[PDB]
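Participant: Structure provided below as structure tokens; questions to follow.
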Amino acid sequence: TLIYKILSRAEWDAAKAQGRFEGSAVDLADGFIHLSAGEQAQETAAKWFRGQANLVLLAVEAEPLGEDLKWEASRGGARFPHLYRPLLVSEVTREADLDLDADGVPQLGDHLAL
């Protein structure tokens, strides 16, 4: 199962310079990295990343993450993948730069379809 993280290009480059992504401002505040399953990813993008240019989408294989990945019942009763540890740069299967639609919403459609 692939899970996804949406973050700024700055944060991703910063992560690569450290060997791992320790989390966004909200991740660090909450105590875990907020990721989304494929069926929830687009809504996550529409909810918190509107109008942001230079966003990057990280696709991550969930199974090999281990016990630190917890699936917790959250938004709309759906279980969201929460990683209670930094995400290794090596744990990212693939990345992609996102484009915004007319409403300023990041388009994840074609990437999730992969």
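Residues in the structure tokens are named by chain (A, B, ... in the order shown) and by number from 1 within that chain; ligands are numbered from 1 in the order shown.
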Contacts of residue 52 (chain A) at 9 Å or less, counting only C-alpha atoms, minus same-chain residues fewer than 5 places along, as a list in words?

Facilitator: residues 8, 100, 104, 105 and 106 of chain A

Participant: Restricted to C-alpha atoms, what would the selected residues look like written as a CSV table (one decimal), in the first residue's frame?

Facilitator:
```csv
chain,number,residue,atom,x,y,z
A,8,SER,CA,7.1,22.2,-0.1
A,100,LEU,CA,-2.3,23.7,-9.3
A,104,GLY,CA,-5.4,26.7,-6.7
A,105,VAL,CA,-5.9,23.0,-5.6
A,106,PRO,CA,-2.9,20.7,-6.2
```

Participant: Report the residues of chain A whose backbone DSSP state falls under alpha helix (DSSP H), written as a PyMOL selection string.

Facilitator: chain A and resi 9-18+25-30+38-48+109-113

Participant: Among chain A, which ones does DSSP place in strand (DSSP E or B), written as a VMD selection string?

Facilitator: chain A and resid 2 to 8 20 to 21 33 to 34 36 to 37 55 to 61 69 to 73 79 to 83 87 to 88 92 to 97 100 106

Participant: Point out the residue among A:2, A:71, A:87, A:80 with the least atom-to-atom distance to residue 24 (chain A), counting only C-alpha atoms.

Facilitator: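 Answer, going by the shortest atom-to-atom distance: A:87.
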
Participant: Interatomic distance between CA of residue 39 (chain A) and CA of residue 15 (chain A)?

Facilitator: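 CA of residue 15 (chain A) lies at a distance of 25.7 Å from CA of residue 39 (chain A).
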